[PDB]
């Protein structure tokens, strides 16, 4: 089929990179479909969350590449579900996701330097910001590949599950996110984006300006009510 598969399942959009005979290596068609999917995530108020995964037991001016989430980030949470090889492109795009599940046999690495290529997916910026400095330097400069266990130990992913279970676990996480207040979830995400690189005192001013509107919503009344009643809240995104 198409080089990326796209399915809406309730409030979650699932995007599957889909060239399994080529280890889901990126194609022009794949990237075009991915950008259309990002647009749908950002613009459809019924979408509360997105999952990025790969088919067939694999995962996967040029300063802005929308498909690869470099210079663009989704306005709703993005969960990665990684099976198998995620070297090169896969580890780069992983860094543009927010919450991260790896199957036991998944493999990560940025090996561009081994072949005297430069990583075009933004790893030289992001990796030192997401895992400890020295480990990020080791991975980028040696091109060492790592296991899912090692990736979890260093904080590159948050969850490790048995092989074949990454997408199931990601769907569990998405169900939780979809059940949380979309106005609050999306406001938190915007603060995380906007306050990068600032002293915290400057950041708090933006944090408050972003967050205050959440309390005006019908959802901000229903939430505490549902909590008191020990039931699932019924949020309406307003």
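Positions refer to the first chain, counted from 1.
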Can you count the deposited residues that have no coordinates between residue 174 and residue 175 and report it as none, 1 to 3, 4 to 9, or 10 or more? none
Between 74-82 and 103-111, point out the one with the higher average CA B-factor as the PDB entry records it. 103-111
Higher avg CA temperature factor (61-69 vs 207-215, as deposited) belongs to 61-69
Among 170, 192, 184, 31, highest Cα B-factor in the entry goes to 31
Tell me, please, which of 26, 52, 188, 49 has the highest C-alpha B factor according to the deposited entry? 26
State the tercile, meaning the lowest, middle or highest third, of residue 121 with respect to the CA B-factors recorded for its chain. middle
Residue 130: CA B-factor among chain residues, third -> lowest
Could you look up the Cα B-factor of residue 142 in the entry and say which third of the chain it sits in: lowest, middle or highest? lowest
Residue 166, C-alpha B-factor rank within chain (lowest, middle or highest third): highest
Please rank the C-alpha B-factors of the chain's modelled residues and tell me whether residue 93 sits in the lowest, middle or highest third. lowest
